[PDB]
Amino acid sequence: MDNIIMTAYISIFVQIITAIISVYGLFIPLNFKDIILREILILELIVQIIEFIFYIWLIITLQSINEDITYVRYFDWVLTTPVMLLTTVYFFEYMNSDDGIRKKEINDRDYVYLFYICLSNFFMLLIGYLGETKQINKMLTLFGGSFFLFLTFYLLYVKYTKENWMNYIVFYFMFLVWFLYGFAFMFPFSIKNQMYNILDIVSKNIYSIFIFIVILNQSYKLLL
């Protein structure tokens, strides 16, 4: 109990600092080509609002814990993970498009394909929820959930990446981190939840800090 709590406190700490940074980021002036970065950052802040609600719920609920509350995380992830996938698409498009591009152009052109990505991701989460609540066995959950995780990342890769190291870094770092949520599913209650608490720092908050630094680097002459 103490270690789930302490890791949640660490995760909260990084959330609060990150959110402050992200807010200032929204007001940094941007050149035409960089506007999509602010579009990304406001979606990451929305993700933060949801995440924070779950973590306050968690630390309160952990005071008197009798039930395995792990499943409640899925009510967060079903809202946050599609947003994160959209923002990943937008960042790849930003990195890889020669001309400036904004989210409206991407959404209007690709909404069907984006729905397929989010649908695959939804099936991954549904299978995990069934496993986490013990409606299917662990082995089926890991093979079915991993199948959909792969499919989601394959769809991402083949439409949105280019073959270069700045793509490989963004793509594989994320793919590995998301795969580690499946790895955590294997473990007993306390270890599993400690691993989700820290993984959320990496999968959400580090991404926001990354975007902030990209913004500050692109725009620092407009600031100074």
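Each residue number is its position in the shown sequence, starting from 1.
Look at the C-alpha B-factors of 60 to 68 and of 181 to 189. On average they run higher in 60 to 68. The stretch 136 to 144 shows the higher mean C-alpha B-factor when 74 to 82 is compared against 136 to 144 in the entry. For the set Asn121, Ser97, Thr87, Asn107, the PDB entry assigns the largest Cα B-factor to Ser97.
Comparing C-alpha B-factors across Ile36, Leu199, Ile49, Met174 in the deposited entry, the largest value falls on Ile49. Among all modelled residues in this chain, the alpha-carbon of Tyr116 has a temperature factor (C-alpha) in the middle third.
Per-chain ranking of the deposited C-alpha B factor places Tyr154 in the highest third. For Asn164, the recorded CA B-factor ranks within the highest third of the chain. Only modelled residues enter the ranking. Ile10: CA B factor lies in the lowest third for its chain, per the PDB record.
Sort the modelled residues of the chain by CA B factor and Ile28 lands in the highest third.
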